[PDB]
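Peer 1: Take a look at this one; I'll ask things after.
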């Protein structure tokens, strides 16, 4: 559930693999569903930075711009149907998704800066 190392992240391009965006939506929708007082999913406006660290498993550290979606938590999250309005408050969130060598992923951390 963790890969712990100081330094050793390598920047990757957000243009080079569609999985970074998929993982960003996974992390954002999953995290926001767990938050108190929340009525709607948060969604991913942009993957701003991608960095990865690998030993056997891999950490994906994604720096995201996130905003409240138009989808209620009582509905099923859909990445291409739950977009944020331009006037919704945006914030920067950083998430580390840990995927073990055998392909199982979890959200090791998800932290948002204030708007």
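One-based numbering along the chain as shown.
Method reported for this entry: X-ray crystallography, 1.5 Å.
The backbone N, Cα and C atoms fix where each Cβ goes, and this holds for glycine too.
According to Swiss-Prot, the protein carries these features:
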type	residues	note
DISULFID	71-82	disulfide bond
DISULFID	93-112	disulfide bond
SITE	7	site 'Reactive site'
Peer 1: What does the structure give for the C-alpha distance between residue 71 (disulfide bond) and residue 93 (disulfide bond)? Integer Å is fine.
Peer 2: 19
Peer 1: Between residue 93 (disulfide bond) and residue 7 (site 'Reactive site'), find the distance joining the two CA atoms and give it rounded to the nearest Å.
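Peer 2: Their Cα atoms are separated by 20 Å.
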Peer 1: So for residue 71 (disulfide bond), how many other CB atoms are inside 10 Å of its CB?
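Peer 2: Excluding its own Cβ, the number within 10 Å is 20.
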Peer 1: When you measure from the Cβ of residue 112 (disulfide bond), which residues in the chain that are at least 6 apart have a Cβ under 8 Å away?
Peer 2: 66, 91, 92, 93, 94
Peer 1: Starting from the Cβ of residue 7 (site 'Reactive site'), draw a 10 Å sphere and report how many other Cβ atoms land inside it.
Peer 2: 5
Peer 1: Let's check the environment of residue 93 (disulfide bond): how many other CB atoms sit within 10 Å of its CB?
Peer 2: 22
